[PDB]
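Protein chains in written order, with the deposited numbering: chain B, 1 to 340; chain R, 36 to 175, 185 to 246, 287 to 360; chain A, 9 to 59, 205 to 384; chain G, 10 to 61; chain N, 1 to 128.
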Amino acid sequence: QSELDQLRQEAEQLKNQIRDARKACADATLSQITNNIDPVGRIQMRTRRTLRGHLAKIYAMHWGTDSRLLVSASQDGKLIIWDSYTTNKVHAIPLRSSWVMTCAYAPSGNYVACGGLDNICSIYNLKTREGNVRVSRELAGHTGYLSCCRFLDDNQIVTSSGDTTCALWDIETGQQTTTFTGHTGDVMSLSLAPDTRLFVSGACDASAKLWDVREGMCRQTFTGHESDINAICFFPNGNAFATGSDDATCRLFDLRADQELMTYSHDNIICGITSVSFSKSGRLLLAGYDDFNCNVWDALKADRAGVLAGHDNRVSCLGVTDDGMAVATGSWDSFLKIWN
Amino acid sequence: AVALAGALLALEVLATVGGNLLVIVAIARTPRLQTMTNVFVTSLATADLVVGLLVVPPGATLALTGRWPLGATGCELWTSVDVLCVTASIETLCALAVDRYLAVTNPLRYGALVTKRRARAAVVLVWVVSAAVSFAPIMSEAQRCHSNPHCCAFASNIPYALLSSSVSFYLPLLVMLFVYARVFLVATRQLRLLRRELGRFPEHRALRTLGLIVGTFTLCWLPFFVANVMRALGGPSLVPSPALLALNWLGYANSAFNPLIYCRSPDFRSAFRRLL
Amino acid sequence: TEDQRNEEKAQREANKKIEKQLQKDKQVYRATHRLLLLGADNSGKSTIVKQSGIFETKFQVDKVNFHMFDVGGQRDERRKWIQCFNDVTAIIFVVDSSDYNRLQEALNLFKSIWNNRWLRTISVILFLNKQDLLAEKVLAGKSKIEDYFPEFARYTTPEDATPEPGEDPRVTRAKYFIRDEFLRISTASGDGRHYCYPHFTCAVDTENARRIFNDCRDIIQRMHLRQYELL
Amino acid sequence: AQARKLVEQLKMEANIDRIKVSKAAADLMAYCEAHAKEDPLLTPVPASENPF
Amino acid sequence: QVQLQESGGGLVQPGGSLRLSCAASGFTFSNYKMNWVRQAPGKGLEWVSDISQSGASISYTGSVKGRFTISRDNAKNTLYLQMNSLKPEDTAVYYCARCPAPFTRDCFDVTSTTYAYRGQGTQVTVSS
Ligand SMILES: CC(C)NC[C@H](O)c1ccc(O)c(O)c1
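1. Give, in chain order, every residue of the segment 92-104 of chain N whose Cβ lies closer than 7 Å to some Cβ of chain B.
2. Mind checking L95/B: buried by the 16 CB within 10 Å criterion, or exposed?
3. Can you list, in chain order, the residues of the segment 73-92 of chain B whose Cβ is nearer than 9 Å to any Cβ on chain G?
4. Check whether the Cβ of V118/R sits closer than 7 Å to any heavy atom of ligand 1, and report yes or no.
5. What does a CB cutoff of less than 6 Å around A154/R pick up in its chain, not counting 5 residues either side in sequence?
6. Who does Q176/B pair with in a DSSP beta bridge?
7. Judging by CA-CA distance, which residue of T329/B, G319/B, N340/B and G330/B is the nearest neighbour of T65/B?
8. Hey, would you say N84/N sits closer than 8 Å to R105/N, going by beta carbons?
9. Given 8 Å as the limit, is there contact between the segment 95-105 of chain B and the segment 62-79 of chain B, that is, 3 or more CB pairs closer than that?
10. Which of the three DSSP states, helix, strand or coil, is assigned to residue 1/G?
11. Please report the residue range of the beta strand (DSSP E) in which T321/B lies.
12. Confirm the yes/no value for this check: CB of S208/R, any heavy atom of ligand 1, distance under 7 Å.
13. Under the assumption that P88/N contacts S49/N (Cβ atoms under 8 Å), give the Cβ distance between them as a whole number of angstroms.
14. Specify the secondary structure class of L43/R as computed by DSSP and reduced to three states.
15. According to the neighbour-count rule (16 or more other Cβ atoms, all chains shown, within 10 Å of its Cβ), is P93/R buried or exposed?
16. At a Cβ cut of 7 Å, what residues of the segment 48-79 of chain R count as close to chain B, listed as they run along the chain?
17. Relative to the C-alpha of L49/R, which candidate in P66/R, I62/R and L89/R has its C-alpha closest?
18. Can you grab the Cα-Cα spacing for the pair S265/B / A302/B, in whole Å?
19. Flag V121/R as yes when its Cβ comes closer than 7 Å to any non-hydrogen atom of ligand 1, and as no otherwise.
20. Could you have a look at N332/R and say whether DSSP puts it in helix, strand or coil?
21. Checking 8 Å against the spacing of the C-beta atoms, do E47/R and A337/R come in under that value?
22. Taking only three categories from DSSP, how would you classify residue 372/B?
23. Return the chain-ordered list of same chain residues with a C-beta closer than 6 Å to the C-beta of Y95/N, the five sequence neighbours on each side being excluded.
24. Just reading off the alpha helix (DSSP H) that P172/R is part of, what are its end residues?
25. Out of curiosity, what's the CA-to-CA distance linking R332/A and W267/A?
26. Does any heavy atom of ligand 1 sit closer than 7 Å to the C-beta of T300/R?
27. Would you say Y289/B and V327/B are within 8 Å of each other, going by their C-beta atoms?
28. Let me know the secondary structure DSSP gives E312/A once reduced to three states.
29. Ligand 1 and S212/R: does the residue's C-beta get closer than 7 Å to at least one heavy atom of that ligand?
30. If you drop the 5 nearest sequence neighbours on each side, which residues of the same chain put their C-beta closer than 6 Å to that of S108/B?
31. Which two residues bound the contiguous beta strand (DSSP E) that contains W63/B?
32. Identify which residue in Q257/A, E21/A and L383/A has its Cα closest to the Cα of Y224/R.
33. Under 7 Å from any heavy atom of ligand 1, does the C-beta of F198/R make it?
34. Given 7 Å as the limit, tell me if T114/R has its C-beta closer than that to any heavy atom belonging to ligand 1.
35. Return no unless some Cβ of chain A is closer than 8 Å to the Cβ of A167/B.
36. Give the list of continuous beta strand (DSSP E) stretches no shorter than 3 residues that lie fully inside the segment 259-290 of chain A.
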């Protein structure tokens, strides 16, 4: 009763102190400091490749570390690995559950993970002695739809599921090494830092959290959006990240400054972002939208520079290669474009 | 009048080739439009394009000036390609009608009934039978133009004329009328049910569309084929050759008008806007 | 370069065999219809199912394979995992017409499903699963519907209603009042692309599959008619 | 205990050192300008080296 | 950060009136459709009334129809619910939940047990 009210008052006072400390160090806006740099111009990307082998809407894809092979999951119960150079398809893995919401390609290229509404993260071995692709593990520790999964090693995948928790897994044993909790609502996406010692996670409560993999504790919390956060990604240097929400705006948060640097938004766009990604140099932030086409923002002046098109349905998944050569865009029309 | 006729010739040929090429490019270079009915649409566009490219100019030149500008071999080839590309267009129109009839009156099983392979096989069979009926004289005003006086008439025997007319026009027309009557009944039933359901708490489009399709296809081809049948039963007294040529020009006008009817849907309009 | 050429040759052979497999998978997949089946805890939707995160079920009627499924593994918040069902043939919404206290929540859920950007095309098959309990409750008369719906006091049974011969006209009035509430929520915004197909269902009805078959057939037939600019 | 957990988490989050947003901005400019010479999407590359 | 602060009253007599206010901050009020929900003691969360972005589409639940009035003031970024002729069943905790996505005619998953865009609530108690 009274103790709860006193605790709430103390928490509110501490939050006010945090806000005051945050605003004290807000010297000048990056829009102001960037007055001395020149605009990037007008990027004109064209559809270099069109991959068409999926029956239903493409909901996720992931590029390989070789910048040539990619994996794409579709809601028809299919997980196709494509060679982006020759348009050929190396593997076509039929999933147990049709409703798959994410997929991941191992950094070594040996295993491929997927997982959707079945609450389980399935892992498939590509380079088997028999030459076939078979299920090597089935991680079944989540109670809620599995929204994201990313490989940290060949045995240490990390998973985000729509039950306000993320789990650090150990594929060999098949059990959760560490469990991260603290999100108010369903968690939508996660992104790993280049050093992979810590990652960020965006959830459906207009908040993002920085998780230390080793410690397994909530390190930092960023709250700058107004609606559900649908996508998250790292800046290439790993000291900043970008979030894309359903209220038709993208934001850039810095782990050190604890502030939102850019609010990439326009008055003419009232469609939520579904996927974000950065370029190799960190100058171009690509972002899919509900308005059926992607946008390209300059990551320092917030001015839109270049617009992708040619997708019959909404853009769901977006990925830039490890060498920054091409960008692959999937959409709910079951076609995957490759631009460069 | 000849001066106006030449301008009409040029405009009709340009419209035919442009429309059919636009339709073919839109289907080929758009994965969205690659529907099972759109292979039939592509076959129709190809047939109409070949009509407007190879048949309409020589035919209208012969109609305007009563002298064939080519040889006997040229006349034979022109007649063969004319019969081929006129039979193919009407047969693929019948195929389109059957396709939409199946899609409407058997919707649950239509996904597994009409496949891409089956549709392409049907298109190939249509072209095969059209070629078979067109190239019959190749293997083979009474017997006058056959002596090559530099005239390319339609002096064909009564059996071949009747059979070619029946295969090219009469059977496709009967099938189209049947399937379109059934589809119209289904559409009006659904429209009346929708009117009843949507009006519990505070127009005829199927009629307009089906009437437009059947009316253009009939008003543009029925005159020529009934005239040809009457000439075959009788002779030059009943129907003059200039009248036959005018009705053939009307049929070529139908081939020109086809791609603006089966391609008016909003997806086609959006593709055309992006293309144009 | 011989090794490289052999590499592309093997890759193309693998692509060809995988393409054959994918053609087979397409011919299998396009011949089945997916249905998102949802309701409430007291709805009784599990009773309609006459066979982890999804309780799947296949049934077949007239050589047509319907692919129905319940979603019970997730939490109550459903604004993110429901978009995944924007391509189903129909949405089977089950609700009990006996507990008036939990009928406004069902109305709100139906309205939210109806006016959704990604579900704006999907039509809804509505099931009222507790007709016998509703009839018994109305016959008892201890609970009054007007306590939860003040507009029921001036409601008249529609002329188009077709009550089963031998039932209470009060029960008929209650049934068609609930059905008309759902129908007005439906037609308030549905601009001819998606439709609602209410039905009255008990817990012992053995004809709950032909109803879904007929409703799906009508849905896809209207879809084709609208596609051919022929509605 | 839930209020105690929330307040202690907020306290741990309220002890890190915050650098100037201008300093973070300068670091971002440094990284983008340093790595801008190896971005095929930013600066187009000739079709000879283009794999697509 | 999105926050919704509710200010109502305490104990009222049956048949009385009470005006609940809801101060919303952290988001563009005019773009979101506001809702009023309530949780009765020993009962789950239920929906009472809702107001559109402008206020042209008002709706109430049946049990509250004819007694409560909902109205939004976008200039001051606030929401109001006036309650008249209160019944003993009307005692509850009133939550001023806002809507997940803007520019949408249907507001979805509002009465959830755990919802992010919802206020701490105010207790309305009616008795003798
Ligand atoms: C002027 C002539 C050569 N045109 C013939 C006409 O196009 C035709 C087409 C199809 C037939 O079956 C037919 O008897 C006649």
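Just so you know, even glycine gets a beta-carbon here, dropped at the ideal spot from N, CA and C.
By the coordinates alone:
1. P100, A101, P102 and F103
2. buried
3. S84 and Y85
4. yes
5. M71 and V74
6. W169/B
7. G319/B
8. no
9. yes
10. For chain G, the structure presents residues 10 to 61; residue 1/G sits outside this window and is missing.
11. Counting along the chain, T321/B falls outside any beta strand (DSSP E), and DSSP gives it neither H nor E.
12. yes
13. With a Cβ gap of about 20 Å, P88/N and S49/N do not count as contacting.
14. helix
15. buried
16. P66 and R67
17. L89/R
18. 8 Å
19. yes
20. helix
21. yes
22. The question about residue 372/B has no answer here: the residues shown for chain B are numbered 1 through 340.
23. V37, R118, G119 and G121
24. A171 to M174
25. 16 Å
26. no
27. no
28. coil
29. yes
30. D154
31. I58 to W63
32. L383/A
33. yes
34. yes
35. no
36. 276-281
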